[PDB]
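So the structure is just underneath, and the comments pick up after that.
Number of protein chains: 2
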Amino acid sequence: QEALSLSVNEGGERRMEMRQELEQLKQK
Amino acid sequence: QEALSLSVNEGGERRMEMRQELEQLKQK
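Protein chains in written order, with the working numbering: chain A, 173 to 200; chain B, 173 to 200.
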C-alpha cells in the first residue's frame, strides 16, 4: 500500500512531465 | 485522501508547467 502511492505518484508525474514536454515539443 | 491525490497532482502539474514557462522565459 505504501509502495502503491510511491509507484503511482512517480509514474503519473513522469508521464505528466512528458505530456507537458510533448506539448512543448508540439509548440516548438 | 482523494483530496491528497487531487492536490498533489494539481500542484505537481501546475508547478512543473509554470517551470516550463520559466524555461521559455530563460531562453527568451
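Don't be surprised by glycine CBs; every beta carbon is placed ideally from N, CA and C.
For residue i, return the contacting residues in chain B, with the cut-off set at a CB-CB distance below 8 Å.
i                 : result
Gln-192 (chain A) : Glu-185, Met-188, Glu-189 and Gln-192
Strictly below 9 Å CB to CB, what residues from chain B border residue i?
i                 : result
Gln-196 (chain A) : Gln-192, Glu-195 and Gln-196
In the DSSP assignment, find the alpha helix (DSSP H) that holds residue i and state where it starts and stops.
i                 : result
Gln-196 (chain B) : 174-199
Assuming residue i and residue j make a contact with CB atoms under 8 Å, what is their CB distance in whole Å?
i                 : j                 : result
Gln-192 (chain A) : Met-190 (chain B) : At roughly 10 Å, the Cβ-Cβ gap does not stay under 8 Å, so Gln-192 (chain A) and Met-190 (chain B) are not in contact.
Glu-195 (chain A) : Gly-184 (chain B) : Wrong, their Cβ atoms sit about 16 Å apart, outside the cutoff.
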